[PDB]
Every structure is written in structure tokens, then in C-alpha cells.
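All remarks here apply to the structure that follows.
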Amino acid sequence: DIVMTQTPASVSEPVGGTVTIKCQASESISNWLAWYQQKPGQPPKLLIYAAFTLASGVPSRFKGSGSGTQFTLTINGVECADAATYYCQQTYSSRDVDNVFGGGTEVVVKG
Amino acid sequence: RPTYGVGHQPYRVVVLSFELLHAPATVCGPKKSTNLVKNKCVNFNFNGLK
Amino acid sequence: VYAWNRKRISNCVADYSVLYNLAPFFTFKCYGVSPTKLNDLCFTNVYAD
Amino acid sequence: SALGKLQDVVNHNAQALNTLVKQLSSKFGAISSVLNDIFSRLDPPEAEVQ
């Protein structure tokens, strides 16, 4: 019933820039939202839950913004250590849903 | 804080807004419908118009 | 509450006799219409938040 | 214009009756000018004052 898409497919920007990711919904999901990061050969880890609250032990560089339909994940500064795939989870209604998580967005940092 | 009273408890509130006009009706009450009769003194009800 | 949803209700029959079990301990205090005779009414547009 | 008086009588009566019947659609400060509409729109306690 709920379907999402994650854009961009991939990003690339030097060490001093800011990388941003859009997670948009077919219909509004309110604040209910979560952002996940997996290193290669590593299970994903929660970074932003409720679309605003920082997780535990995560540095204060990842910003979640937006509410309802459009959500943005913005990183103030990269250090070539956040080069991984990020996903957004609906965590709102999963009665008949093909995938709670969205598309994959791999971050590439050229240092 | 569930220990405190209902004033510190979650309340789910659903708000409904109508327009309440009897002509372009698309959301009506659950009452049934009956065949009309002509040329007789009757008390009718057309889309809420009694 | 800040990001309240909005729903459109149309092209359907609306019944209130079912609105007891789904939301127990409900309070339907409201304005602009008598709730006692909501059964015999028709609505052009209904929005649920 | 010879028969002005009788025509005046007839016109006076007709226009007075027409004004009386037309004034029935006056709101008089209600939400609606149809008492049926008032009955299906409000709880009695305010229906009495309307």
C-alpha cells in the first residue's frame, strides 16, 4: 500500500562538501521515518530515527529534515568514512507492503 | 507518564469536516432506500431533504 | 499533531453505528450538527484528520 | 386611464398578497430560512430559539 523511492542513486563530492539524500513517499507518513547505513560486509546501522532524532553513538554531522511526504538526509561534512549505502524505512504502515525500506544510495568520497 | 492522570496520557483524536449540502451528495447515512410512489400524500426524504 | 494527516471520504456510505468497538471510550462532542440524527443525512465532502 | 380606480384596487390587493407570500423566504437572522433545514441541522436546545 505504501511505496517509496530513494534518490539520488549515487553521489560524489570532495571532503569539504555536504551530501544530501531525498526520500519521498507516495502518501504522507508523518514523522515516522528512519535512516539506515551499512558498510560493505557489515549489517546496516540506524543513524536517524523519527526523521529527526540522532541515534546513539553517531557523530553530529548527519541531519534529517522534512516531514510528511518529502524527507532529506543531509551530512554537513564527509571524512571519506561515510562512503556506504543509505536507506529510508517507512516504519508507518506495513500491512501489505512489498518492502519497508526504499532504494539504495551509495556515497562515493574521493579524497 | 502513565503514572499520572489522563492529562499526561496519549489521546487519539480524529476530526471530521463536512459541508452538509443536499444536491451533490456522495457521502450519505446508512439508512436504506425505498421505491417512490406518485400522486399520493407522502412524507419524502431526498438526499436529506425532508 | 504538527504533521496531521488529511483524508478524503467520498463515493461511499457513512455509518456511525460501527464507531463504538473500534474507538472505545470515545467522545463525539461536536458543533454545527445534531449527532442524534446523523443517520439521515448526506455529505458532499468529508475530510478525516 | 378612465378605469384607474378599480385597477388600482385590484393591483393593491395582488401586490400586497405577493409581498406577503414572498416575505416567507426571509432569513430573519437564522442559519437557514427553511425550518426543515433547521430541524436536521441543530440539536433541539438551540432549535427552539432559532
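Naming scheme: A, B, ... for chains in displayed order of the C-alpha cells; residues 1 onward per chain; ligands 1 onward as shown.
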
(Q) Tell me as a PyMOL selection string which residues belonging to chain C come within 9 Å of chain D, counting only C-alpha atoms. (A) chain C and resi 31-38+40-41

Sorted per-residue table, chain B near chain D, closest atoms and distance, 9 Å, only C-alpha atoms, as a tab-separated table:
residue	atom	partner	partner_atom	distance
B:20	CA	D:41	CA	8.8
B:48	CA	D:40	CA	8.2
B:49	CA	D:37	CA	7.7
B:50	CA	D:36	CA	6.9

Would you save the residues of that selection, restricted to N, CA and C atoms, as a PDB file, in the first residue's frame?
ATOM      1  N   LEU B  20     -22.293  19.512   4.194  1.00  0.00           N
ATOM      2  CA  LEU B  20     -23.712  19.352   4.508  1.00  0.00           C
ATOM      3  C   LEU B  20     -24.599  20.141   3.539  1.00  0.00           C
ATOM      4  N   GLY B  48     -31.475  13.764   2.203  1.00  0.00           N
ATOM      5  CA  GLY B  48     -31.552  14.531   3.424  1.00  0.00           C
ATOM      6  C   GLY B  48     -32.576  15.644   3.424  1.00  0.00           C
ATOM      7  N   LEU B  49     -33.214  15.917   2.289  1.00  0.00           N
ATOM      8  CA  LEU B  49     -34.254  16.939   2.203  1.00  0.00           C
ATOM      9  C   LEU B  49     -35.596  16.284   2.508  1.00  0.00           C
ATOM     10  N   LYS B  50     -36.166  16.610   3.663  1.00  0.00           N
ATOM     11  CA  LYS B  50     -37.407  16.002   4.123  1.00  0.00           C
ATOM     12  C   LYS B  50     -38.574  16.939   3.850  1.00  0.00           C
TER      13      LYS B  50
END

Q: Show which residues sit within 12 Å of residue 12 in chain B, as a list in words. Count only C-alpha atoms, and ignore same-chain residues fewer than 4 positions away.
A: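 What passes the distance filter is residues 1, 4, 22, 23, 24, 25, 26, 27 and 49 of chain C.
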
Q: Could the residues of chain C within 6 Å of chain B, counting only C-alpha atoms, be given as a PyMOL selection string, please?
A: chain C and resi 10-15+39-49

Could you take the residues named above and write them with N, CA, C and O atoms, as a PDB file, in the first residue's frame?
ATOM      1  N   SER C  10     -15.332   9.949   0.142  1.00  0.00           N
ATOM      2  CA  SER C  10     -16.322  10.217  -0.890  1.00  0.00           C
ATOM      3  C   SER C  10     -16.709   8.909  -1.563  1.00  0.00           C
ATOM      4  O   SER C  10     -16.017   7.896  -1.442  1.00  0.00           O
ATOM      5  N   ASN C  11     -17.833   8.956  -2.280  1.00  0.00           N
ATOM      6  CA  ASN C  11     -18.341   7.830  -3.062  1.00  0.00           C
ATOM      7  C   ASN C  11     -18.475   6.584  -2.187  1.00  0.00           C
ATOM      8  O   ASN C  11     -18.031   5.488  -2.537  1.00  0.00           O
ATOM      9  N   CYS C  12     -19.078   6.770  -1.018  1.00  0.00           N
ATOM     10  CA  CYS C  12     -19.276   5.669  -0.088  1.00  0.00           C
ATOM     11  C   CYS C  12     -20.385   6.036   0.885  1.00  0.00           C
ATOM     12  O   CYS C  12     -20.755   7.205   1.022  1.00  0.00           O
ATOM     13  N   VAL C  13     -20.909   5.020   1.558  1.00  0.00           N
ATOM     14  CA  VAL C  13     -21.930   5.207   2.581  1.00  0.00           C
ATOM     15  C   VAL C  13     -21.248   5.284   3.941  1.00  0.00           C
ATOM     16  O   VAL C  13     -20.345   4.496   4.244  1.00  0.00           O
ATOM     17  N   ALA C  14     -21.648   6.264   4.745  1.00  0.00           N
ATOM     18  CA  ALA C  14     -21.043   6.505   6.048  1.00  0.00           C
ATOM     19  C   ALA C  14     -22.015   6.088   7.142  1.00  0.00           C
ATOM     20  O   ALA C  14     -23.133   6.608   7.215  1.00  0.00           O
ATOM     21  N   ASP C  15     -21.586   5.160   7.991  1.00  0.00           N
ATOM     22  CA  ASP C  15     -22.381   4.682   9.111  1.00  0.00           C
ATOM     23  C   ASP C  15     -21.663   4.941  10.430  1.00  0.00           C
ATOM     24  O   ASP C  15     -20.438   4.812  10.521  1.00  0.00           O
ATOM     25  N   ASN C  39     -27.786   9.752  11.138  1.00  0.00           N
ATOM     26  CA  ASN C  39     -28.148   8.626  10.286  1.00  0.00           C
ATOM     27  C   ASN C  39     -28.813   9.094   8.998  1.00  0.00           C
ATOM     28  O   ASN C  39     -28.505   8.591   7.911  1.00  0.00           O
ATOM     29  N   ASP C  40     -29.736  10.048   9.098  1.00  0.00           N
ATOM     30  CA  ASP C  40     -30.482  10.527   7.936  1.00  0.00           C
ATOM     31  C   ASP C  40     -29.881  11.849   7.465  1.00  0.00           C
ATOM     32  O   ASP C  40     -30.452  12.924   7.643  1.00  0.00           O
ATOM     33  N   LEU C  41     -28.715  11.755   6.831  1.00  0.00           N
ATOM     34  CA  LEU C  41     -28.032  12.924   6.295  1.00  0.00           C
ATOM     35  C   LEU C  41     -27.176  12.505   5.110  1.00  0.00           C
ATOM     36  O   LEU C  41     -26.865  11.327   4.923  1.00  0.00           O
ATOM     37  N   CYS C  42     -26.801  13.493   4.302  1.00  0.00           N
ATOM     38  CA  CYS C  42     -25.913  13.293   3.166  1.00  0.00           C
ATOM     39  C   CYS C  42     -24.844  14.373   3.177  1.00  0.00           C
ATOM     40  O   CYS C  42     -25.114  15.520   3.547  1.00  0.00           O
ATOM     41  N   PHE C  43     -23.631  14.006   2.774  1.00  0.00           N
ATOM     42  CA  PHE C  43     -22.480  14.891   2.863  1.00  0.00           C
ATOM     43  C   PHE C  43     -21.803  14.981   1.506  1.00  0.00           C
ATOM     44  O   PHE C  43     -21.517  13.955   0.879  1.00  0.00           O
ATOM     45  N   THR C  44     -21.540  16.208   1.057  1.00  0.00           N
ATOM     46  CA  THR C  44     -20.883  16.403  -0.229  1.00  0.00           C
ATOM     47  C   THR C  44     -19.398  16.076  -0.157  1.00  0.00           C
ATOM     48  O   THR C  44     -18.853  15.449  -1.070  1.00  0.00           O
ATOM     49  N   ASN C  45     -18.728  16.499   0.913  1.00  0.00           N
ATOM     50  CA  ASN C  45     -17.300  16.263   1.074  1.00  0.00           C
ATOM     51  C   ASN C  45     -16.995  16.028   2.543  1.00  0.00           C
ATOM     52  O   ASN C  45     -17.425  16.804   3.402  1.00  0.00           O
ATOM     53  N   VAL C  46     -16.251  14.962   2.826  1.00  0.00           N
ATOM     54  CA  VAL C  46     -15.879  14.592   4.186  1.00  0.00           C
ATOM     55  C   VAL C  46     -14.364  14.469   4.256  1.00  0.00           C
ATOM     56  O   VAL C  46     -13.757  13.748   3.454  1.00  0.00           O
ATOM     57  N   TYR C  47     -13.761  15.169   5.212  1.00  0.00           N
ATOM     58  CA  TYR C  47     -12.324  15.127   5.435  1.00  0.00           C
ATOM     59  C   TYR C  47     -12.049  14.567   6.823  1.00  0.00           C
ATOM     60  O   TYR C  47     -12.640  15.023   7.805  1.00  0.00           O
ATOM     61  N   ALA C  48     -11.156  13.584   6.897  1.00  0.00           N
ATOM     62  CA  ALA C  48     -10.785  12.944   8.152  1.00  0.00           C
ATOM     63  C   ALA C  48      -9.319  13.232   8.440  1.00  0.00           C
ATOM     64  O   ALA C  48      -8.452  12.953   7.604  1.00  0.00           O
ATOM     65  N   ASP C  49      -9.047  13.787   9.618  1.00  0.00           N
ATOM     66  CA  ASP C  49      -7.694  14.104  10.055  1.00  0.00           C
ATOM     67  C   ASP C  49      -7.371  13.285  11.294  1.00  0.00           C
ATOM     68  O   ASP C  49      -8.186  13.207  12.219  1.00  0.00           O
TER      69      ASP C  49
END

Q: Measure the distance from CA of residue 44 in chain A to CA of residue 12 in chain A in Å and round it to one decimal.
A: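 These two atoms are separated by 20.6 Å.
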
(Q) So, with only C-alpha atoms as the atoms that count, which of A:60, A:94, A:67, A:7 lies closest to residue 33 in chain A? (A)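 Counting only C-alpha atoms, the residue closest to residue 33 in chain A is A:67.
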
**Q.** Long-range neighbours of residue 6 in chain A as a PyMOL selection string, 12 Å cut-off, only C-alpha atoms, 6 positions minimum in chain
**A.** chain A and resi 20-26+35+70-73+85-90+101-106

Selected residues, N, CA and C atoms, written as a compact mmCIF listing (two decimals), in the first residue's frame, please.
# COMPACT_ATOMS: atom_id res chain seq x y z
N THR A 20 23.58 15.20 0.37
CA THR A 20 22.17 15.18 0.73
C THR A 20 21.44 14.10 -0.05
N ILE A 21 20.46 13.47 0.60
CA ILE A 21 19.70 12.36 0.04
C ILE A 21 18.22 12.64 0.24
N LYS A 22 17.42 12.40 -0.80
CA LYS A 22 15.98 12.61 -0.75
C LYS A 22 15.28 11.27 -0.60
N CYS A 23 14.32 11.21 0.32
CA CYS A 23 13.43 10.06 0.46
C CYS A 23 12.00 10.58 0.39
N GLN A 24 11.31 10.27 -0.70
CA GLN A 24 9.97 10.78 -0.96
C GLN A 24 8.96 9.63 -0.94
N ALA A 25 7.76 9.95 -0.49
CA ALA A 25 6.70 8.96 -0.29
C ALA A 25 5.55 9.21 -1.25
N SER A 26 4.85 8.13 -1.59
CA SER A 26 3.65 8.26 -2.41
C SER A 26 2.55 8.99 -1.65
N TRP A 35 16.55 6.26 9.04
CA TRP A 35 17.65 6.23 8.07
C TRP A 35 18.67 5.20 8.52
N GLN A 70 8.01 14.51 1.88
CA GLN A 70 9.39 14.70 1.45
C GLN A 70 10.31 14.72 2.65
N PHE A 71 11.39 13.95 2.58
CA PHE A 71 12.38 13.88 3.65
C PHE A 71 13.77 13.95 3.04
N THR A 72 14.66 14.69 3.70
CA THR A 72 16.02 14.87 3.23
C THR A 72 17.00 14.48 4.33
N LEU A 73 18.05 13.76 3.95
CA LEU A 73 19.14 13.42 4.84
C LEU A 73 20.39 14.15 4.39
N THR A 85 25.98 2.74 1.56
CA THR A 85 24.61 2.83 1.08
C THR A 85 23.69 3.23 2.22
N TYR A 86 22.72 4.09 1.91
CA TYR A 86 21.75 4.56 2.89
C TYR A 86 20.35 4.22 2.43
N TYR A 87 19.50 3.87 3.39
CA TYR A 87 18.11 3.50 3.12
C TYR A 87 17.20 4.25 4.08
N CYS A 88 15.96 4.47 3.64
CA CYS A 88 14.93 5.06 4.48
C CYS A 88 13.78 4.07 4.63
N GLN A 89 13.28 3.95 5.86
CA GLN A 89 12.24 2.99 6.21
C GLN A 89 10.95 3.73 6.54
N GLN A 90 9.83 3.21 6.03
CA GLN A 90 8.54 3.84 6.27
C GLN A 90 8.15 3.81 7.75
N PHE A 101 11.80 -0.86 3.38
CA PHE A 101 12.91 0.00 3.03
C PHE A 101 12.79 0.49 1.58
N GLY A 102 13.49 1.58 1.29
CA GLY A 102 13.49 2.17 -0.03
C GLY A 102 14.67 1.72 -0.87
N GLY A 103 14.98 2.53 -1.88
CA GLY A 103 16.06 2.24 -2.79
C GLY A 103 17.43 2.47 -2.16
N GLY A 104 18.46 2.05 -2.89
CA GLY A 104 19.82 2.15 -2.42
C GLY A 104 20.52 3.38 -2.97
N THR A 105 21.28 4.05 -2.10
CA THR A 105 22.04 5.24 -2.47
C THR A 105 23.45 5.10 -1.91
N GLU A 106 24.41 4.80 -2.78
CA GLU A 106 25.80 4.65 -2.39
C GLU A 106 26.52 5.99 -2.48

Could you work out which residues of chain A fall inside 8 Å of chain C? Count only C-alpha atoms, and format the result as a compact mmCIF listing (two decimals) with C-alpha atoms, in the first residue's frame.
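See result_19.txt below for the written result:
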# COMPACT_ATOMS: atom_id res chain seq x y z
CA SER A 28 2.30 11.16 3.75
CA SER A 30 4.15 11.87 9.12
CA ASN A 31 7.38 11.94 11.22
CA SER A 67 8.01 15.84 7.37
CA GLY A 68 5.03 14.15 5.78
